[PDB]
Amino acid sequence: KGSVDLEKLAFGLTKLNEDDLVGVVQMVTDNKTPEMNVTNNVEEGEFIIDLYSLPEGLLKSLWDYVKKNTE
Amino acid sequence: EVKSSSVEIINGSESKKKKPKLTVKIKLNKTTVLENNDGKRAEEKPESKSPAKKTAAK
């Protein structure tokens with residue numbers, strides 16, 4: 001994978017434990033761009049975030065993270 | 001030498017492929033059944049987005 005499989009990214013970050021998925025939600029909100037479609041519902045405690053609109057910089061940083069966190 | 005009147009532009013066309021985007025709902029670990037830790041309590045009912053109906057238009 002030279003590029004990021006957006007499917008393995010999505011399904012890879014939501015399968016994680018607290019420390020891992022929290023690290024995910026913090027990276028996406030820290031560098032929140034006008035493209036990425038985030039919706040933090042604090043009631044259910046969830047980040048409904050569209051990774052498809054993440055820049056290459058973010059979806060690579062997140063991929064590297066969640067892939068070494070799962071594999 | 002002279003380069004001359006070379007290189008014509010190419011007139012292309014659009015392609016509307018927006019596609020259903022792959023969104024994900026990352027579930028954060030809120031106050032559930034877990035080990036000995038105290039959670040949170042609501043401050044008050046603020047009603048910050050309180051709507052209003054009309055003022056002067058008879």
# chains A, B, ... in the order shown; residues from 1 in each chain; ligands from 1

$ interface_residues --of "chain A" --to "chain B" --cutoff "9 Å" --atoms "only C-alpha atoms" --output "VMD selection string"
chain A and resid 6 to 7 10 to 11 13 to 15 17 to 18 21 to 22 24 to 25 37 to 39 44 to 53

$ write_last_selection --atoms "N, CA, C and O atoms" --output "compact mmCIF listing (two decimals), in the first residue's frame"
# COMPACT_ATOMS: atom_id res chain seq x y z
N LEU A 6 -8.83 3.55 1.98
CA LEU A 6 -9.77 4.34 2.81
C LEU A 6 -10.69 3.39 3.63
O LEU A 6 -11.11 3.72 4.74
N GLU A 7 -10.98 2.22 3.04
CA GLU A 7 -11.76 1.15 3.70
C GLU A 7 -11.02 0.56 4.92
O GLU A 7 -11.56 0.54 6.02
N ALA A 10 -10.86 3.29 7.68
CA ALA A 10 -12.14 3.47 8.42
C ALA A 10 -12.41 2.32 9.39
O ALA A 10 -12.54 2.51 10.62
N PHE A 11 -12.44 1.12 8.83
CA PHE A 11 -12.69 -0.13 9.55
C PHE A 11 -11.50 -0.49 10.47
O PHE A 11 -11.66 -1.27 11.41
N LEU A 13 -9.65 1.99 12.19
CA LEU A 13 -9.60 2.94 13.33
C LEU A 13 -10.76 2.74 14.32
O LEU A 13 -10.61 3.02 15.51
N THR A 14 -11.91 2.25 13.82
CA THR A 14 -13.11 2.07 14.66
C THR A 14 -13.09 0.72 15.42
O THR A 14 -13.86 0.53 16.37
N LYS A 15 -12.21 -0.20 14.99
CA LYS A 15 -12.05 -1.52 15.65
C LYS A 15 -11.09 -1.44 16.86
O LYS A 15 -11.03 -2.36 17.67
N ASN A 17 -8.99 -0.09 20.43
CA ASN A 17 -9.32 0.13 21.87
C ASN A 17 -9.31 1.64 22.20
O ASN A 17 -9.02 2.44 21.32
N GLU A 18 -9.59 2.02 23.48
CA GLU A 18 -9.73 3.43 23.89
C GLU A 18 -8.50 4.27 23.50
O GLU A 18 -8.61 5.17 22.69
N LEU A 21 -8.17 4.58 19.47
CA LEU A 21 -9.24 5.33 18.75
C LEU A 21 -9.33 6.79 19.24
O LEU A 21 -9.74 7.67 18.49
N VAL A 22 -8.96 7.02 20.51
CA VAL A 22 -8.87 8.37 21.10
C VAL A 22 -7.72 9.13 20.42
O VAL A 22 -7.90 10.27 20.00
N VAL A 24 -6.70 8.60 17.45
CA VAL A 24 -7.27 8.86 16.11
C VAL A 24 -8.10 10.16 16.10
O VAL A 24 -7.82 11.07 15.31
N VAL A 25 -9.11 10.24 17.00
CA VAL A 25 -10.07 11.37 17.03
C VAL A 25 -9.38 12.70 17.36
O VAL A 25 -9.83 13.76 16.93
N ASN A 37 -15.26 15.77 6.72
CA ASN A 37 -16.65 15.99 7.18
C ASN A 37 -16.86 15.36 8.57
O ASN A 37 -17.42 14.27 8.69
N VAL A 38 -16.37 16.06 9.62
CA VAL A 38 -16.48 15.59 11.02
C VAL A 38 -17.82 16.03 11.64
O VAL A 38 -18.32 17.12 11.36
N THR A 39 -18.39 15.14 12.47
CA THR A 39 -19.58 15.42 13.28
C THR A 39 -19.42 14.72 14.64
O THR A 39 -19.71 13.53 14.78
N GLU A 44 -23.67 10.45 22.44
CA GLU A 44 -23.30 9.04 22.29
C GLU A 44 -21.77 8.86 22.37
O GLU A 44 -21.29 7.71 22.43
N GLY A 45 -21.02 9.98 22.35
CA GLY A 45 -19.56 9.94 22.40
C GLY A 45 -18.96 9.32 21.16
O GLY A 45 -18.43 8.21 21.21
N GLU A 46 -19.10 10.02 20.02
CA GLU A 46 -18.71 9.49 18.71
C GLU A 46 -18.27 10.62 17.76
O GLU A 46 -18.79 11.74 17.82
N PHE A 47 -17.27 10.32 16.91
CA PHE A 47 -16.80 11.19 15.83
C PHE A 47 -17.26 10.60 14.48
O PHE A 47 -16.61 9.70 13.94
N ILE A 48 -18.39 11.10 13.97
CA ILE A 48 -18.90 10.72 12.65
C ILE A 48 -18.12 11.55 11.60
O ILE A 48 -18.58 12.61 11.15
N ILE A 49 -16.91 11.08 11.26
CA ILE A 49 -15.96 11.83 10.42
C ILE A 49 -15.73 11.09 9.09
O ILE A 49 -15.45 9.89 9.06
N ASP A 50 -15.91 11.83 7.99
CA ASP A 50 -15.65 11.34 6.64
C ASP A 50 -14.17 11.53 6.33
O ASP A 50 -13.69 12.68 6.19
N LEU A 51 -13.48 10.38 6.23
CA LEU A 51 -12.06 10.30 5.93
C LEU A 51 -11.80 10.49 4.44
O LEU A 51 -10.67 10.74 4.03
N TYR A 52 -12.85 10.29 3.63
CA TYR A 52 -12.78 10.35 2.17
C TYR A 52 -12.38 11.77 1.72
O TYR A 52 -11.78 11.96 0.66
N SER A 53 -12.74 12.76 2.55
CA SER A 53 -12.43 14.18 2.34
C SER A 53 -11.22 14.65 3.20
O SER A 53 -10.94 15.85 3.25

$ select_by_dssp --residues "chain A" --states "strand (DSSP E or B)" --output "list in words"
residues 37, 40, 41, 46, 47, 48, 49 and 50 of chain A

$ write_last_selection --atoms "N, CA, C and O atoms" --output "tab-separated table (two decimals), in the first residue's frame"
chain	number	residue	atom	x	y	z
A	37	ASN	N	-15.26	15.77	6.72
A	37	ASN	CA	-16.65	15.99	7.18
A	37	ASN	C	-16.86	15.36	8.57
A	37	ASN	O	-17.42	14.27	8.69
A	40	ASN	N	-18.90	15.47	15.63
A	40	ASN	CA	-18.76	14.96	17.00
A	40	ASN	C	-20.10	15.04	17.73
A	40	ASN	O	-20.54	16.13	18.11
A	41	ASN	N	-20.75	13.88	17.90
A	41	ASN	CA	-21.91	13.75	18.78
A	41	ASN	C	-21.41	13.37	20.19
A	41	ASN	O	-21.04	12.22	20.43
A	46	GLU	N	-19.10	10.02	20.02
A	46	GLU	CA	-18.71	9.49	18.71
A	46	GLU	C	-18.27	10.62	17.76
A	46	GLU	O	-18.79	11.74	17.82
A	47	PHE	N	-17.27	10.32	16.91
A	47	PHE	CA	-16.80	11.19	15.83
A	47	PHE	C	-17.26	10.60	14.48
A	47	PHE	O	-16.61	9.70	13.94
A	48	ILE	N	-18.39	11.10	13.97
A	48	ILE	CA	-18.90	10.72	12.65
A	48	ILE	C	-18.12	11.55	11.60
A	48	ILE	O	-18.58	12.61	11.15
A	49	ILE	N	-16.91	11.08	11.26
A	49	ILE	CA	-15.96	11.83	10.42
A	49	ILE	C	-15.73	11.09	9.09
A	49	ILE	O	-15.45	9.89	9.06
A	50	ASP	N	-15.91	11.83	7.99
A	50	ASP	CA	-15.65	11.34	6.64
A	50	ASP	C	-14.17	11.53	6.33
A	50	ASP	O	-13.69	12.68	6.19

$ closest_residue --among "A:8, A:20, A:35, A:28" --to "residue 58 of chain A" --atoms "only C-alpha atoms"
A:28

$ atom_distance --atom1 "atom CA of residue 36 of chain A" --atom2 "atom CA of residue 66 of chain A"
17.8 Å

$ residues_around --residues "residue 63 of chain A" --least-positions-apart "4" --cutoff "8 Å" --atoms "only C-alpha atoms" --output "list in words"
residues 4, 9, 59 and 67 of chain A

$ write_last_selection --atoms "N, CA and C atoms" --output "JSON list (two decimals), in the first residue's frame"
[["chain", "number", "residue", "atom", "x", "y", "z"],
["A", 4, "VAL", "N", -3.29, 5.01, 0.59],
["A", 4, "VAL", "CA", -4.10, 4.60, 1.75],
["A", 4, "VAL", "C", -5.43, 4.00, 1.28],
["A", 9, "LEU", "N", -8.59, 1.95, 6.44],
["A", 9, "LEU", "CA", -8.44, 3.11, 7.33],
["A", 9, "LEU", "C", -9.65, 3.22, 8.28],
["A", 59, "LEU", "N", -4.77, 11.39, 5.92],
["A", 59, "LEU", "CA", -5.14, 9.97, 5.72],
["A", 59, "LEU", "C", -3.90, 9.04, 5.72],
["A", 67, "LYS", "N", -2.75, 1.22, 11.29],
["A", 67, "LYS", "CA", -2.25, -0.02, 10.67],
["A", 67, "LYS", "C", -1.24, -0.70, 11.61]]

$ select_by_dssp --residues "chain A" --states "alpha helix (DSSP H)" --output "short mmCIF file (atom, residue, chain, number, x, y, z; two decimals) with N, CA, C and O atoms, in the first residue's frame"
data_model
loop_
_atom_site.label_atom_id
_atom_site.label_comp_id
_atom_site.auth_asym_id
_atom_site.auth_seq_id
_atom_site.Cartn_x
_atom_site.Cartn_y
_atom_site.Cartn_z
N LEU A 6 -8.83 3.55 1.98
CA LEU A 6 -9.77 4.34 2.81
C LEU A 6 -10.69 3.39 3.63
O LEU A 6 -11.11 3.72 4.74
N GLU A 7 -10.98 2.22 3.04
CA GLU A 7 -11.76 1.15 3.70
C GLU A 7 -11.02 0.56 4.92
O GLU A 7 -11.56 0.54 6.02
N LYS A 8 -9.75 0.14 4.72
CA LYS A 8 -8.90 -0.40 5.82
C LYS A 8 -8.61 0.68 6.87
O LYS A 8 -8.37 0.36 8.03
N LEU A 9 -8.59 1.95 6.44
CA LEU A 9 -8.44 3.11 7.33
C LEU A 9 -9.65 3.22 8.28
O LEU A 9 -9.49 3.19 9.50
N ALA A 10 -10.86 3.29 7.68
CA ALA A 10 -12.14 3.47 8.42
C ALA A 10 -12.41 2.32 9.39
O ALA A 10 -12.54 2.51 10.62
N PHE A 11 -12.44 1.12 8.83
CA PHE A 11 -12.69 -0.13 9.55
C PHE A 11 -11.50 -0.49 10.47
O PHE A 11 -11.66 -1.27 11.41
N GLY A 12 -10.32 0.11 10.19
CA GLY A 12 -9.11 -0.10 11.00
C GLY A 12 -9.06 0.77 12.25
O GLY A 12 -8.48 0.37 13.26
N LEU A 13 -9.65 1.99 12.19
CA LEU A 13 -9.60 2.94 13.33
C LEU A 13 -10.76 2.74 14.32
O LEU A 13 -10.61 3.02 15.51
N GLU A 18 -9.59 2.02 23.48
CA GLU A 18 -9.73 3.43 23.89
C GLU A 18 -8.50 4.27 23.50
O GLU A 18 -8.61 5.17 22.69
N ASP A 19 -7.33 3.91 24.05
CA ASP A 19 -6.05 4.64 23.84
C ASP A 19 -5.75 4.90 22.34
O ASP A 19 -5.29 5.98 21.96
N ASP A 20 -6.10 3.91 21.51
CA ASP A 20 -5.85 3.93 20.07
C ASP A 20 -6.85 4.85 19.33
O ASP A 20 -6.44 5.81 18.67
N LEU A 21 -8.17 4.58 19.47
CA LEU A 21 -9.24 5.33 18.75
C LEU A 21 -9.33 6.79 19.24
O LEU A 21 -9.74 7.67 18.49
N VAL A 22 -8.96 7.02 20.51
CA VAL A 22 -8.87 8.37 21.10
C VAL A 22 -7.72 9.13 20.42
O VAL A 22 -7.90 10.27 20.00
N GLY A 23 -6.57 8.45 20.26
CA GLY A 23 -5.44 9.02 19.51
C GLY A 23 -5.83 9.42 18.07
O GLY A 23 -5.39 10.45 17.57
N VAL A 24 -6.70 8.60 17.45
CA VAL A 24 -7.27 8.86 16.11
C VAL A 24 -8.10 10.16 16.10
O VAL A 24 -7.82 11.07 15.31
N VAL A 25 -9.11 10.24 17.00
CA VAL A 25 -10.07 11.37 17.03
C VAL A 25 -9.38 12.70 17.36
O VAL A 25 -9.83 13.76 16.93
N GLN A 26 -8.27 12.60 18.11
CA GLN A 26 -7.46 13.76 18.50
C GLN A 26 -6.65 14.29 17.31
O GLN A 26 -6.53 15.50 17.15
N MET A 27 -6.12 13.39 16.47
CA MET A 27 -5.31 13.79 15.29
C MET A 27 -6.19 14.46 14.21
O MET A 27 -5.78 15.47 13.61
N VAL A 28 -7.40 13.91 13.99
CA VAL A 28 -8.32 14.43 12.96
C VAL A 28 -8.89 15.82 13.37
O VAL A 28 -9.01 16.70 12.52
N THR A 29 -9.19 16.01 14.68
CA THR A 29 -9.76 17.28 15.19
C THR A 29 -8.65 18.35 15.35
O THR A 29 -8.91 19.54 15.20
N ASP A 30 -7.40 17.89 15.63
CA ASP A 30 -6.23 18.79 15.81
C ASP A 30 -5.89 19.50 14.49
O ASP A 30 -5.63 20.71 14.48
N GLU A 56 -4.26 14.09 1.76
CA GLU A 56 -3.30 12.96 1.72
C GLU A 56 -2.42 12.95 2.98
O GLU A 56 -2.15 11.88 3.54
N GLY A 57 -2.03 14.15 3.43
CA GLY A 57 -1.24 14.33 4.64
C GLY A 57 -1.86 13.67 5.88
O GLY A 57 -1.18 12.94 6.61
N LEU A 58 -3.17 13.87 6.06
CA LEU A 58 -3.91 13.32 7.21
C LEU A 58 -4.18 11.82 7.05
O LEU A 58 -3.86 11.06 7.95
N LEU A 59 -4.77 11.39 5.92
CA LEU A 59 -5.14 9.97 5.72
C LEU A 59 -3.90 9.04 5.72
O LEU A 59 -4.03 7.87 6.05
N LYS A 60 -2.70 9.58 5.39
CA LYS A 60 -1.40 8.86 5.52
C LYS A 60 -0.97 8.75 7.00
O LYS A 60 -0.56 7.66 7.44
N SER A 61 -1.05 9.87 7.74
CA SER A 61 -0.68 9.92 9.18
C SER A 61 -1.57 8.98 10.02
O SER A 61 -1.09 8.22 10.88
N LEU A 62 -2.87 9.03 9.73
CA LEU A 62 -3.89 8.20 10.36
C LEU A 62 -3.70 6.72 9.96
O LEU A 62 -3.84 5.85 10.80
N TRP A 63 -3.37 6.46 8.68
CA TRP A 63 -3.19 5.09 8.17
C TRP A 63 -2.03 4.39 8.88
O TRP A 63 -2.22 3.35 9.48
N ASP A 64 -0.85 5.02 8.80
CA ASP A 64 0.38 4.60 9.51
C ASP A 64 0.09 4.21 10.97
O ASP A 64 0.51 3.15 11.44
N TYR A 65 -0.66 5.09 11.64
CA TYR A 65 -1.05 4.90 13.04
C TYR A 65 -1.92 3.65 13.21
O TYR A 65 -1.49 2.68 13.84
N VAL A 66 -3.09 3.64 12.58
CA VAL A 66 -4.11 2.60 12.80
C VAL A 66 -3.66 1.23 12.28
O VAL A 66 -4.10 0.20 12.78
N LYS A 67 -2.75 1.22 11.29
CA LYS A 67 -2.25 -0.02 10.67
C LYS A 67 -1.24 -0.70 11.61
O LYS A 67 -1.30 -1.91 11.81
N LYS A 68 -0.34 0.08 12.24
CA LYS A 68 0.63 -0.48 13.22
C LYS A 68 -0.08 -0.78 14.56
O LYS A 68 0.41 -1.57 15.37
N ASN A 69 -1.26 -0.14 14.77
CA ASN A 69 -2.11 -0.35 15.95
C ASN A 69 -2.96 -1.64 15.81
O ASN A 69 -3.34 -2.25 16.82
N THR A 70 -3.26 -2.07 14.56
CA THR A 70 -4.08 -3.28 14.30
C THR A 70 -3.20 -4.52 14.00
O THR A 70 -3.34 -5.56 14.66
#

$ atom_distance --atom1 "atom CA of residue 3 of chain A" --atom2 "atom CA of residue 16 of chain A"
21.2 Å

$ atom_distance --atom1 "atom CA of residue 15 of chain B" --atom2 "atom CA of residue 5 of chain A"
23.3 Å
